[PDB]
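So the structure is just underneath, and the comments pick up after that.
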Amino acid sequence: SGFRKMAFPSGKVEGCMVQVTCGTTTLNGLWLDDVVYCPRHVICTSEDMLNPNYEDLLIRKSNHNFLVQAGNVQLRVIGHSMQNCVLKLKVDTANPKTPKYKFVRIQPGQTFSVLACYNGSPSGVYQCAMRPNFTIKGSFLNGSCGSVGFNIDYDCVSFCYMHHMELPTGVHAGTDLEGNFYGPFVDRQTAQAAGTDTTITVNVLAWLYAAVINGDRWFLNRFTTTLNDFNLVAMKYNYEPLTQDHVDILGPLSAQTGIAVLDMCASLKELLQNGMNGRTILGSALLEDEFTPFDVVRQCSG
Amino acid sequence: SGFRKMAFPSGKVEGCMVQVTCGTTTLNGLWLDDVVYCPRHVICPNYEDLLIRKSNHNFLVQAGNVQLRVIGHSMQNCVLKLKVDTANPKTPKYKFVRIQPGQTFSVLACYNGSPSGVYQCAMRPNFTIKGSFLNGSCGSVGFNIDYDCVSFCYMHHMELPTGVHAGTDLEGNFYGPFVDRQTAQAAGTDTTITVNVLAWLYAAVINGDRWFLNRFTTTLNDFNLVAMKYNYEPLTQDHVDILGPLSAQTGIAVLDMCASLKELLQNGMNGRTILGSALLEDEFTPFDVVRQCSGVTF
Ligand SMILES: C[C@H]1c2nncn2CCN1C(=O)C[C@@]1(C(=O)Nc2cncc3ccccc23)CCOc2ccc(Cl)cc21
Ligand SMILES: C[C@H]1c2nncn2CCN1C(=O)C[C@@]1(C(=O)Nc2cncc3ccccc23)CCOc2ccc(Cl)cc21
Ligand SMILES: [Cl-]
């Protein structure tokens with residue numbers, strides 16, 4: 001029993017965190033095998049960030065300009081290449097702590113753990129979700145760039161996010177590990193803003209099923225809804241449209257609890273209308289949207 | 001910017017998690033140097049009588065795909081200490097510390113000696129933890145990290161009927177009036193950790209949310225009279241002193257933040273949120289707020 005926002009154990013990722021310095025700029029790098037991955041803006045100064053020509057800035061650098069520090073050991077850079085917004089620094093030592101890993105690009109609504117790092121040293125771990133507007137509501141200060149987001153599937157680390165910037169609303173933007181930004185963001189200090197964010201409907205429903213599994217049914221009702229009527233109501237509260245894929249994905253939780261997905265949708269519609277009336281659901285007075293159907297099944301069952 | 005419920009990096013603890021099996025019971029053990037620590041109920045009660053009937057070879061300890069050989073066993077309060085022939089080469093710098101209610105720690109939830117998740121939680125004033133544990137989670141540990149030293153403060157033993165959890169320090173002393181047996185046990189009436197709510201209000205101010213601030217102040221006694229009415233823990237001069245740094249950084253005296261908290265208790269949030277929460281959050285200590293809002297690393 002109990003339902004917590006649970007991060008993956010960070011050990012496999014901690015053994016990959018390194019410090020990358022280029023000139024006056026210091027950030028974090030991810031050392032996997034003989035390559036250190038880091039944001040390409042490590043080659044920029046603050047002035048360069050308005051309209052940086054990364055190809056032009058990078059061609060002026062040599063291997064020895066990049067100082068890579070793994071613990072108290074300086075790694076030697078023997079090559080460098082840029083792939084989208086990520087710099088790949090070839091080093092002369094393969095990381096003996098390299099876990100079984102893969103690079104995965106996630107979709108909005110997906111969750112992941114973030115190992116926040118400063119100067120190549122892990123400081124904390126928390127759970128995040130890729131917002132529908134492609135930002136993450138992280139906890140990141142200056143020096144956190146290069147910190148990564150991941151999931152662990154059996155013994156395999158799936159790296160899905162690398163931190164690049166904080167937008168003016170305090171939310172965060174980054175790339176997958178191939179350097180492709182999530183959303184319409186660029187690694188420039190040009191005027192950029194997160195789009196209007198919305199609630200991840202499929203995740204709220206997953207969390208309502210988690211509440212039912214843990215013994216809370218106060219919010220259920222005798223009603224059902226069509227998917228279209230649910231979406232018409234949902235959109236009015238800035239909730240993401242629920243697709244047939246989402247309904248299919250919620251099938252297992254629907255079967256375990258005996259509550260049809262559209263029956264849970266009617267409950268959600270009523271919660272949006274009435275609020276909680278001084279009550280809580282899994283210790284929360286707000287509808288929680290950073291647990292996926294997969295996270296609920298993992299935490300409530302195994 | 002941002003404020004998350006943040007756990008310590010769990011790597012130093014992950015390298016200590018082992019599986020302990022005795023008969024039909026499988027749970028988790030903490031392998032530090034040549035000793036594996038686990039709940040004494042793995043032998044299940046008259047624990048001295050149950051333990052004397054066991055031999056070393058009855059305890060199957062598995063560290064990854066390697067079976068460790070138990071060469072001795074002893075009980076300390078509600079923890080079983082299994083002496084093994086191999087010292088854990090991954091043993092971090094560590095200490096066993098007993099925490100006070102209101103103090104927070106990270107929990108590395110484990111099943112079959114394998115870490116599955118990490119989350120942050122607080123020792124409630126009623127000595128329970130609002131954890132997330134399933135069957136097989138016994139032996140999972142709570143910890144804090146200071147510099148490079150892991151301070152182990154909790155070992156999971158049981159779930160109470162309300163779904164909250166009970167355990168011991170690493171010396172096997174239970175937190176709370178709990179006992180390790182299948183019997184009628186219930187968590188006492190819980191209270192809110194006042195110093196932690198104030199720490200979280202300071203974190204909200206640091207993060208740019210000031211809507212709840214007011215021009216008013218209060219006395220410590222008047223604040224405590226109001227706080228007692230709302231099942232909040234009394235705020236002591238120690239708590240006020242501990243909040244000194246956050247008070248200086250934001251320019252809001254601790255009793256000035258107390259007046260804001262008094263108004264939040266008597267009037268609610270009025271459709272508003274604080275750090276994305278419609279409830280007053282009490283599982284961040286003043287130190288957790290400073291650490292997260294300064295980027296301390298390990
Ligand atoms: C590494 C950092 C640097 N360090 N010394 C020189 N430079 C120059 C390059 N740097 C940046 O510009 C990083 C920066 C950024 O967003 N950094 C931050 C990230 N996360 C959380 C933060 C919290 C507080 C302050 C800054 C934060 C600063 C703002 O503007 C942008 C715009 C586009 C991009 Cl891709 C990145 C950035
Ligand atoms: C390890 C477990 C065992 N497994 N197979 C044989 N045994 C015998 C010993 N075991 C217990 O009795 C453990 C138990 C307990 O509380 N276990 C649990 C812990 N955390 C979360 C849980 C979620 C769902 C169900 C059980 C959970 C079960 C209930 O009653 C008590 C009462 C006193 C004590 Cl100290 C422990 C327990
Ligand atoms: Cl995905």
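Chain identifiers are assigned as A, B, and so on, following the order in which chains appear in the structure tokens; residues are numbered from 1 within each chain, and ligands are numbered from 1 in order of appearance.
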Could you pull the residues within 10 Å of region 12-15 of chain B, counting only C-alpha atoms, minus those fewer than 4 positions along the same chain, as a PDB file with C-alpha atoms, in the first residue's frame?
ATOM      1  CA  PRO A   9      17.426   3.907  -8.411  1.00  0.00           C
ATOM      2  CA  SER A  10      20.065   6.268  -9.839  1.00  0.00           C
ATOM      3  CA  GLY A  11      23.241   4.215  -9.291  1.00  0.00           C
ATOM      4  CA  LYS A  12      23.640   3.079 -12.904  1.00  0.00           C
ATOM      5  CA  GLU A  14      25.630   8.160 -11.215  1.00  0.00           C
TER       6      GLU A  14
ATOM      7  CA  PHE B   8      19.477  11.444  -2.448  1.00  0.00           C
ATOM      8  CA  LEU B  30      21.768  -4.509   3.873  1.00  0.00           C
ATOM      9  CA  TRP B  31      25.324  -5.839   3.355  1.00  0.00           C
ATOM     10  CA  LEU B  32      27.919  -3.576   4.974  1.00  0.00           C
ATOM     11  CA  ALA B  63      24.125 -10.666  -3.622  1.00  0.00           C
ATOM     12  CA  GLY B  64      23.278 -10.377  -7.325  1.00  0.00           C
ATOM     13  CA  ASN B  88      31.130  -6.064   0.614  1.00  0.00           C
ATOM     14  CA  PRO B  89      33.692  -4.427  -1.678  1.00  0.00           C
ATOM     15  CA  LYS B  90      31.030  -1.786  -2.439  1.00  0.00           C
ATOM     16  CA  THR B  91      30.624  -0.791   1.272  1.00  0.00           C
ATOM     17  CA  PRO B  92      30.398   3.008   1.325  1.00  0.00           C
ATOM     18  CA  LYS B  93      31.526   5.300   4.153  1.00  0.00           C
ATOM     19  CA  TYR B  94      28.521   4.937   6.528  1.00  0.00           C
ATOM     20  CA  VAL B 107      13.960   5.159   0.791  1.00  0.00           C
ATOM     21  CA  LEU B 108      15.365   2.655  -1.674  1.00  0.00           C
ATOM     22  CA  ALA B 109      12.425   0.270  -2.093  1.00  0.00           C
ATOM     23  CA  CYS B 110      13.696  -3.293  -2.885  1.00  0.00           C
ATOM     24  CA  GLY B 113      17.439  -7.850  -3.049  1.00  0.00           C
ATOM     25  CA  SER B 114      16.905  -5.724  -6.173  1.00  0.00           C
ATOM     26  CA  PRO B 115      16.329  -1.964  -5.932  1.00  0.00           C
ATOM     27  CA  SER B 116      13.124  -0.966  -7.685  1.00  0.00           C
ATOM     28  CA  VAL B 141      16.284   1.020   3.948  1.00  0.00           C
ATOM     29  CA  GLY B 142      16.008   4.759   4.509  1.00  0.00           C
ATOM     30  CA  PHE B 143      19.069   6.971   4.387  1.00  0.00           C
ATOM     31  CA  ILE B 145      23.894  11.294   2.472  1.00  0.00           C
ATOM     32  CA  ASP B 148      30.316  10.973   0.909  1.00  0.00           C
ATOM     33  CA  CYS B 149      28.873   9.327   4.095  1.00  0.00           C
ATOM     34  CA  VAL B 150      25.635   7.358   3.999  1.00  0.00           C
ATOM     35  CA  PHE B 152      21.332   4.716   7.443  1.00  0.00           C
TER      36      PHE B 152
END
Which of region 77-270 of chain A counts as helix (DSSP H, G or I) under DSSP, as a PDB file with N, CA and C atoms, in the first residue's frame please?
ATOM      1  N   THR A 201      -4.314  13.791 -19.460  1.00  0.00           N
ATOM      2  CA  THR A 201      -5.528  13.057 -19.157  1.00  0.00           C
ATOM      3  C   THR A 201      -5.326  11.568 -18.897  1.00  0.00           C
ATOM      4  N   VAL A 202      -4.635  10.855 -19.795  1.00  0.00           N
ATOM      5  CA  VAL A 202      -4.416   9.420 -19.602  1.00  0.00           C
ATOM      6  C   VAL A 202      -3.702   9.113 -18.255  1.00  0.00           C
ATOM      7  N   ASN A 203      -2.823  10.025 -17.825  1.00  0.00           N
ATOM      8  CA  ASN A 203      -2.098   9.877 -16.565  1.00  0.00           C
ATOM      9  C   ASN A 203      -3.003  10.133 -15.388  1.00  0.00           C
ATOM     10  N   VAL A 204      -3.868  11.153 -15.449  1.00  0.00           N
ATOM     11  CA  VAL A 204      -4.836  11.388 -14.363  1.00  0.00           C
ATOM     12  C   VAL A 204      -5.734  10.147 -14.176  1.00  0.00           C
ATOM     13  N   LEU A 205      -6.219   9.550 -15.292  1.00  0.00           N
ATOM     14  CA  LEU A 205      -7.050   8.343 -15.225  1.00  0.00           C
ATOM     15  C   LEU A 205      -6.279   7.176 -14.615  1.00  0.00           C
ATOM     16  N   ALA A 206      -4.999   7.019 -14.990  1.00  0.00           N
ATOM     17  CA  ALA A 206      -4.121   5.985 -14.443  1.00  0.00           C
ATOM     18  C   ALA A 206      -4.020   6.168 -12.911  1.00  0.00           C
ATOM     19  N   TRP A 207      -3.872   7.415 -12.457  1.00  0.00           N
ATOM     20  CA  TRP A 207      -3.749   7.746 -11.057  1.00  0.00           C
ATOM     21  C   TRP A 207      -5.061   7.522 -10.288  1.00  0.00           C
ATOM     22  N   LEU A 208      -6.214   7.742 -10.953  1.00  0.00           N
ATOM     23  CA  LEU A 208      -7.524   7.449 -10.358  1.00  0.00           C
ATOM     24  C   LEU A 208      -7.663   5.922 -10.197  1.00  0.00           C
ATOM     25  N   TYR A 209      -7.153   5.134 -11.172  1.00  0.00           N
ATOM     26  CA  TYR A 209      -7.147   3.681 -11.041  1.00  0.00           C
ATOM     27  C   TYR A 209      -6.207   3.266  -9.902  1.00  0.00           C
ATOM     28  N   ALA A 210      -5.060   3.950  -9.723  1.00  0.00           N
ATOM     29  CA  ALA A 210      -4.129   3.666  -8.604  1.00  0.00           C
ATOM     30  C   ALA A 210      -4.872   3.886  -7.260  1.00  0.00           C
ATOM     31  N   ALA A 211      -5.681   4.948  -7.191  1.00  0.00           N
ATOM     32  CA  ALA A 211      -6.434   5.273  -5.990  1.00  0.00           C
ATOM     33  C   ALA A 211      -7.465   4.177  -5.702  1.00  0.00           C
ATOM     34  N   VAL A 212      -8.140   3.670  -6.743  1.00  0.00           N
ATOM     35  CA  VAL A 212      -9.115   2.594  -6.584  1.00  0.00           C
ATOM     36  C   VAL A 212      -8.405   1.328  -6.090  1.00  0.00           C
ATOM     37  N   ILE A 213      -7.246   0.986  -6.683  1.00  0.00           N
ATOM     38  CA  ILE A 213      -6.443  -0.176  -6.267  1.00  0.00           C
ATOM     39  C   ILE A 213      -6.034  -0.060  -4.803  1.00  0.00           C
ATOM     40  N   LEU A 227     -16.524   8.720 -25.599  1.00  0.00           N
ATOM     41  CA  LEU A 227     -15.183   9.302 -25.651  1.00  0.00           C
ATOM     42  C   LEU A 227     -15.262  10.749 -26.146  1.00  0.00           C
ATOM     43  N   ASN A 228     -16.126  11.005 -27.148  1.00  0.00           N
ATOM     44  CA  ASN A 228     -16.254  12.361 -27.673  1.00  0.00           C
ATOM     45  C   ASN A 228     -16.813  13.341 -26.657  1.00  0.00           C
ATOM     46  N   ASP A 229     -17.829  12.939 -25.880  1.00  0.00           N
ATOM     47  CA  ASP A 229     -18.399  13.815 -24.856  1.00  0.00           C
ATOM     48  C   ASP A 229     -17.389  14.091 -23.770  1.00  0.00           C
ATOM     49  N   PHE A 230     -16.603  13.069 -23.380  1.00  0.00           N
ATOM     50  CA  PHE A 230     -15.527  13.244 -22.405  1.00  0.00           C
ATOM     51  C   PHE A 230     -14.538  14.293 -22.908  1.00  0.00           C
ATOM     52  N   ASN A 231     -14.081  14.169 -24.158  1.00  0.00           N
ATOM     53  CA  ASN A 231     -13.130  15.106 -24.730  1.00  0.00           C
ATOM     54  C   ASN A 231     -13.659  16.525 -24.829  1.00  0.00           C
ATOM     55  N   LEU A 232     -14.970  16.684 -25.101  1.00  0.00           N
ATOM     56  CA  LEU A 232     -15.560  18.012 -25.178  1.00  0.00           C
ATOM     57  C   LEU A 232     -15.517  18.677 -23.809  1.00  0.00           C
ATOM     58  N   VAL A 233     -15.801  17.919 -22.745  1.00  0.00           N
ATOM     59  CA  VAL A 233     -15.732  18.444 -21.388  1.00  0.00           C
ATOM     60  C   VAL A 233     -14.263  18.682 -20.991  1.00  0.00           C
ATOM     61  N   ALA A 234     -13.394  17.673 -21.222  1.00  0.00           N
ATOM     62  CA  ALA A 234     -11.964  17.701 -20.876  1.00  0.00           C
ATOM     63  C   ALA A 234     -11.267  18.912 -21.424  1.00  0.00           C
ATOM     64  N   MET A 235     -11.511  19.244 -22.692  1.00  0.00           N
ATOM     65  CA  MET A 235     -10.842  20.371 -23.306  1.00  0.00           C
ATOM     66  C   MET A 235     -11.144  21.687 -22.598  1.00  0.00           C
ATOM     67  N   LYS A 236     -12.349  21.822 -22.029  1.00  0.00           N
ATOM     68  CA  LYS A 236     -12.745  23.035 -21.316  1.00  0.00           C
ATOM     69  C   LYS A 236     -11.934  23.268 -20.046  1.00  0.00           C
ATOM     70  N   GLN A 244      -8.244   6.825 -28.515  1.00  0.00           N
ATOM     71  CA  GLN A 244      -8.525   5.397 -28.397  1.00  0.00           C
ATOM     72  C   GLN A 244      -7.278   4.642 -27.932  1.00  0.00           C
ATOM     73  N   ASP A 245      -6.063   5.140 -28.277  1.00  0.00           N
ATOM     74  CA  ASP A 245      -4.816   4.533 -27.810  1.00  0.00           C
ATOM     75  C   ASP A 245      -4.756   4.599 -26.292  1.00  0.00           C
ATOM     76  N   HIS A 246      -5.102   5.748 -25.715  1.00  0.00           N
ATOM     77  CA  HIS A 246      -5.120   5.912 -24.271  1.00  0.00           C
ATOM     78  C   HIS A 246      -6.117   4.954 -23.610  1.00  0.00           C
ATOM     79  N   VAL A 247      -7.310   4.801 -24.217  1.00  0.00           N
ATOM     80  CA  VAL A 247      -8.345   3.903 -23.715  1.00  0.00           C
ATOM     81  C   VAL A 247      -7.845   2.462 -23.742  1.00  0.00           C
ATOM     82  N   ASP A 248      -7.153   2.073 -24.822  1.00  0.00           N
ATOM     83  CA  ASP A 248      -6.591   0.731 -24.954  1.00  0.00           C
ATOM     84  C   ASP A 248      -5.524   0.516 -23.903  1.00  0.00           C
ATOM     85  N   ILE A 249      -4.639   1.504 -23.718  1.00  0.00           N
ATOM     86  CA  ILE A 249      -3.550   1.464 -22.746  1.00  0.00           C
ATOM     87  C   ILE A 249      -4.083   1.296 -21.317  1.00  0.00           C
ATOM     88  N   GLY A 251      -6.701  -0.406 -20.506  1.00  0.00           N
ATOM     89  CA  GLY A 251      -7.399  -1.688 -20.450  1.00  0.00           C
ATOM     90  C   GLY A 251      -7.014  -2.555 -19.263  1.00  0.00           C
ATOM     91  N   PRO A 252      -5.722  -2.846 -19.070  1.00  0.00           N
ATOM     92  CA  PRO A 252      -5.303  -3.643 -17.905  1.00  0.00           C
ATOM     93  C   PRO A 252      -5.814  -3.119 -16.553  1.00  0.00           C
ATOM     94  N   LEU A 253      -5.649  -1.817 -16.269  1.00  0.00           N
ATOM     95  CA  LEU A 253      -6.132  -1.219 -15.020  1.00  0.00           C
ATOM     96  C   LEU A 253      -7.658  -1.285 -14.909  1.00  0.00           C
ATOM     97  N   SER A 254      -8.358  -1.168 -16.041  1.00  0.00           N
ATOM     98  CA  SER A 254      -9.807  -1.281 -16.090  1.00  0.00           C
ATOM     99  C   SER A 254     -10.227  -2.715 -15.706  1.00  0.00           C
ATOM    100  N   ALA A 255      -9.492  -3.721 -16.191  1.00  0.00           N
ATOM    101  CA  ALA A 255      -9.780  -5.123 -15.916  1.00  0.00           C
ATOM    102  C   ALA A 255      -9.462  -5.493 -14.468  1.00  0.00           C
ATOM    103  N   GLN A 256      -8.390  -4.945 -13.918  1.00  0.00           N
ATOM    104  CA  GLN A 256      -7.983  -5.235 -12.550  1.00  0.00           C
ATOM    105  C   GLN A 256      -8.972  -4.675 -11.528  1.00  0.00           C
ATOM    106  N   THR A 257      -9.466  -3.454 -11.762  1.00  0.00           N
ATOM    107  CA  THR A 257     -10.398  -2.816 -10.838  1.00  0.00           C
ATOM    108  C   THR A 257     -11.881  -3.077 -11.143  1.00  0.00           C
ATOM    109  N   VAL A 261     -13.027   2.033 -18.683  1.00  0.00           N
ATOM    110  CA  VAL A 261     -12.307   3.291 -18.907  1.00  0.00           C
ATOM    111  C   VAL A 261     -13.261   4.479 -19.039  1.00  0.00           C
ATOM    112  N   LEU A 262     -14.326   4.341 -19.826  1.00  0.00           N
ATOM    113  CA  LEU A 262     -15.298   5.434 -19.969  1.00  0.00           C
ATOM    114  C   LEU A 262     -16.087   5.699 -18.672  1.00  0.00           C
ATOM    115  N   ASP A 263     -16.197   4.704 -17.791  1.00  0.00           N
ATOM    116  CA  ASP A 263     -16.807   4.868 -16.479  1.00  0.00           C
ATOM    117  C   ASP A 263     -15.841   5.699 -15.599  1.00  0.00           C
ATOM    118  N   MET A 264     -14.520   5.432 -15.687  1.00  0.00           N
ATOM    119  CA  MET A 264     -13.540   6.265 -14.975  1.00  0.00           C
ATOM    120  C   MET A 264     -13.508   7.685 -15.563  1.00  0.00           C
ATOM    121  N   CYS A 265     -13.715   7.818 -16.884  1.00  0.00           N
ATOM    122  CA  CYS A 265     -13.783   9.126 -17.538  1.00  0.00           C
ATOM    123  C   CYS A 265     -14.937   9.938 -16.975  1.00  0.00           C
ATOM    124  N   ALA A 266     -16.093   9.297 -16.734  1.00  0.00           N
ATOM    125  CA  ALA A 266     -17.236  10.008 -16.157  1.00  0.00           C
ATOM    126  C   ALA A 266     -16.913  10.505 -14.757  1.00  0.00           C
ATOM    127  N   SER A 267     -16.139   9.733 -13.984  1.00  0.00           N
ATOM    128  CA  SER A 267     -15.710  10.134 -12.648  1.00  0.00           C
ATOM    129  C   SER A 267     -14.793  11.356 -12.756  1.00  0.00           C
ATOM    130  N   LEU A 268     -13.863  11.329 -13.702  1.00  0.00           N
ATOM    131  CA  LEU A 268     -12.962  12.454 -13.922  1.00  0.00           C
ATOM    132  C   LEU A 268     -13.738  13.706 -14.322  1.00  0.00           C
ATOM    133  N   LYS A 269     -14.758  13.546 -15.185  1.00  0.00           N
ATOM    134  CA  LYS A 269     -15.601  14.675 -15.583  1.00  0.00           C
ATOM    135  C   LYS A 269     -16.247  15.326 -14.384  1.00  0.00           C
ATOM    136  N   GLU A 270     -16.721  14.492 -13.435  1.00  0.00           N
ATOM    137  CA  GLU A 270     -17.386  14.968 -12.240  1.00  0.00           C
ATOM    138  C   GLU A 270     -16.416  15.630 -11.285  1.00  0.00           C
TER     139      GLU A 270
END
Chain B contacts on chain A, only C-alpha atoms, 6 Å, as number ranges by chain: A: 1-4, 6-11, 121-126, 138-140, 170, 285
Within 7 Å of ligand 1 (only C-alpha atoms and all ligand atoms), residues as an MDAnalysis selection string: (chainID A and resid 24:27 41:42 44:46 49 140:145 164:167 172 186:189) or (chainID B and resid 1)
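The residues sitting within 7 Å of ligand 2, with only C-alpha atoms and all ligand atoms considered, come out as residues 1 of chain A; 24, 25, 26, 27, 41, 42, 44, 133, 134, 135, 136, 137, 138, 157, 158, 159, 160, 165, 179, 180, 181, 182 and 183 of chain B.
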Based on the selection just made, write N, CA and C atoms of those residues as a short mmCIF file (atom, residue, chain, number, x, y, z; two decimals), in the first residue's frame.
data_model
loop_
_atom_site.label_atom_id
_atom_site.label_comp_id
_atom_site.auth_asym_id
_atom_site.auth_seq_id
_atom_site.Cartn_x
_atom_site.Cartn_y
_atom_site.Cartn_z
N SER A 1 0.82 -1.21 0.00
CA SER A 1 0.00 0.00 0.00
C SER A 1 0.86 1.28 0.00
N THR B 24 10.49 -20.20 4.02
CA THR B 24 9.56 -19.72 3.00
C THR B 24 9.60 -18.18 2.83
N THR B 25 10.16 -17.45 3.83
CA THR B 25 10.26 -15.99 3.87
C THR B 25 11.46 -15.42 3.12
N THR B 26 11.19 -14.57 2.13
CA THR B 26 12.25 -13.87 1.42
C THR B 26 12.06 -12.37 1.65
N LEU B 27 13.13 -11.67 2.03
CA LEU B 27 13.11 -10.22 2.19
C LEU B 27 14.49 -9.63 1.82
N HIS B 41 12.17 -10.71 11.76
CA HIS B 41 11.00 -11.50 11.41
C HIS B 41 11.22 -12.40 10.18
N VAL B 42 12.39 -12.33 9.50
CA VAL B 42 12.72 -13.26 8.41
C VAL B 42 12.75 -14.72 8.95
N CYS B 44 10.55 -15.86 11.19
CA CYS B 44 9.14 -16.17 11.44
C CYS B 44 8.46 -16.69 10.16
N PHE B 133 5.08 0.56 -0.27
CA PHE B 133 5.73 -0.72 -0.13
C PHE B 133 4.74 -1.82 -0.38
N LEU B 134 5.20 -2.88 -1.04
CA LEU B 134 4.38 -4.05 -1.28
C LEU B 134 4.99 -5.22 -0.49
N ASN B 135 4.37 -6.42 -0.55
CA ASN B 135 4.94 -7.60 0.09
C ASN B 135 6.32 -7.89 -0.54
N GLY B 136 7.28 -8.24 0.29
CA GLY B 136 8.64 -8.45 -0.17
C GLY B 136 9.55 -7.24 0.01
N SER B 137 8.97 -6.08 0.39
CA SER B 137 9.74 -4.86 0.57
C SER B 137 10.47 -4.80 1.91
N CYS B 138 10.17 -5.72 2.86
CA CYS B 138 10.83 -5.72 4.17
C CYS B 138 12.34 -5.75 4.04
N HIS B 157 9.97 -2.74 8.18
CA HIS B 157 9.55 -3.98 8.84
C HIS B 157 8.09 -4.35 8.51
N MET B 158 7.16 -3.37 8.54
CA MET B 158 5.76 -3.73 8.36
C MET B 158 4.86 -2.61 7.87
N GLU B 159 3.65 -2.98 7.43
CA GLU B 159 2.62 -2.05 7.03
C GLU B 159 1.48 -2.15 8.03
N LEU B 160 1.01 -1.00 8.50
CA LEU B 160 -0.12 -0.91 9.43
C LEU B 160 -1.45 -0.96 8.64
N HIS B 165 3.56 2.85 7.08
CA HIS B 165 4.61 1.89 7.35
C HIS B 165 5.33 2.13 8.64
N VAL B 179 5.59 -3.09 17.48
CA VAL B 179 6.26 -4.36 17.74
C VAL B 179 6.24 -5.19 16.45
N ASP B 180 7.24 -6.06 16.27
CA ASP B 180 7.29 -6.89 15.07
C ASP B 180 6.54 -8.20 15.21
N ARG B 181 5.23 -8.15 15.10
CA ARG B 181 4.40 -9.34 15.12
C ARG B 181 3.03 -9.10 14.55
N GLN B 182 2.40 -10.17 14.04
CA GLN B 182 1.04 -10.07 13.52
C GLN B 182 0.09 -9.96 14.70
N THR B 183 -0.25 -8.72 15.06
CA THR B 183 -1.13 -8.39 16.19
C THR B 183 -1.86 -7.06 15.90
#
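CA of residue 95 (chain A) sits 27.2 Å away from CA of residue 67 (chain B).
Comparing A:273, A:196, A:63, A:151 by their smallest distance to ligand 3, the closest is A:151 (using only C-alpha atoms and all ligand atoms).
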Residues near residue 276 (chain A), cut-off 10 Å, only C-alpha atoms, skip fewer than 2 positions along chain, as an MDAnalysis selection string: chainID A and resid 218:219 270:274 278:281 284:287
Output C-alpha atoms for every residue in that selection, as a PDB file, in the first residue's frame.
ATOM      1  CA  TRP A 218     -15.348   8.116  -3.112  1.00  0.00           C
ATOM      2  CA  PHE A 219     -15.023   9.816  -6.562  1.00  0.00           C
ATOM      3  CA  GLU A 270     -17.386  14.968 -12.240  1.00  0.00           C
ATOM      4  CA  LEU A 271     -14.158  15.738 -10.351  1.00  0.00           C
ATOM      5  CA  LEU A 272     -13.446  18.523 -12.875  1.00  0.00           C
ATOM      6  CA  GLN A 273     -16.944  19.898 -12.212  1.00  0.00           C
ATOM      7  CA  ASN A 274     -17.128  19.547  -8.405  1.00  0.00           C
ATOM      8  CA  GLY A 278     -12.082  18.992   1.155  1.00  0.00           C
ATOM      9  CA  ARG A 279     -11.236  15.378   0.267  1.00  0.00           C
ATOM     10  CA  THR A 280      -7.960  14.002  -1.092  1.00  0.00           C
ATOM     11  CA  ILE A 281      -7.062  11.211  -3.502  1.00  0.00           C
ATOM     12  CA  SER A 284      -3.349  14.910  -3.021  1.00  0.00           C
ATOM     13  CA  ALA A 285      -5.894  17.758  -3.222  1.00  0.00           C
ATOM     14  CA  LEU A 286      -5.124  18.130  -7.000  1.00  0.00           C
ATOM     15  CA  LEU A 287      -5.573  15.642  -9.840  1.00  0.00           C
TER      16      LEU A 287
END
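With only C-alpha atoms as the basis for measurement, A:133 is the residue among A:199, A:133, A:72, A:225 that approaches residue 171 (chain A) most closely.
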Point-to-point distance in Å for CA of residue 90 (chain A) and CA of residue 163 (chain A): 20.2 Å
Neighbourhood of ligand 3 at 10 Å, counting only C-alpha atoms and all ligand atoms, reported as an MDAnalysis selection string: chainID A and resid 104:112 130 160
Shell of 10 Å around residue 100 (chain A), only C-alpha atoms, local chain residues under 5 positions omitted, as an NGL selection string: :A and (12 or 32 or 152-158)
Using N, CA, C and O atoms, can you write the selected residues to a file as a compact mmCIF listing (two decimals), in the first residue's frame?
# COMPACT_ATOMS: atom_id res chain seq x y z
N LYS A 12 23.13 3.35 -11.57
CA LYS A 12 23.64 3.08 -12.90
C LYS A 12 23.96 4.37 -13.68
O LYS A 12 24.87 4.39 -14.48
N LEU A 32 29.51 7.15 -21.49
CA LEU A 32 29.05 5.82 -21.83
C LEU A 32 30.07 5.24 -22.77
O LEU A 32 30.38 5.87 -23.79
N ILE A 152 14.58 2.81 -16.16
CA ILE A 152 15.32 1.56 -16.05
C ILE A 152 14.35 0.43 -16.31
O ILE A 152 13.26 0.41 -15.77
N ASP A 153 14.69 -0.41 -17.26
CA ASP A 153 13.81 -1.48 -17.70
C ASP A 153 14.64 -2.72 -17.52
O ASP A 153 15.65 -2.90 -18.21
N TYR A 154 14.30 -3.47 -16.46
CA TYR A 154 15.06 -4.62 -16.00
C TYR A 154 16.46 -4.08 -15.55
O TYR A 154 16.49 -3.27 -14.62
N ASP A 155 17.56 -4.43 -16.22
CA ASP A 155 18.88 -3.89 -15.88
C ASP A 155 19.36 -2.85 -16.93
O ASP A 155 20.53 -2.47 -16.93
N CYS A 156 18.47 -2.42 -17.83
CA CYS A 156 18.84 -1.53 -18.91
C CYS A 156 18.37 -0.10 -18.68
O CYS A 156 17.19 0.15 -18.45
N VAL A 157 19.31 0.83 -18.77
CA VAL A 157 19.00 2.24 -18.61
C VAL A 157 18.59 2.84 -19.94
O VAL A 157 19.41 2.87 -20.86
N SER A 158 17.37 3.35 -20.06
CA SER A 158 16.94 4.03 -21.28
C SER A 158 17.07 5.54 -21.06
O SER A 158 16.29 6.11 -20.30
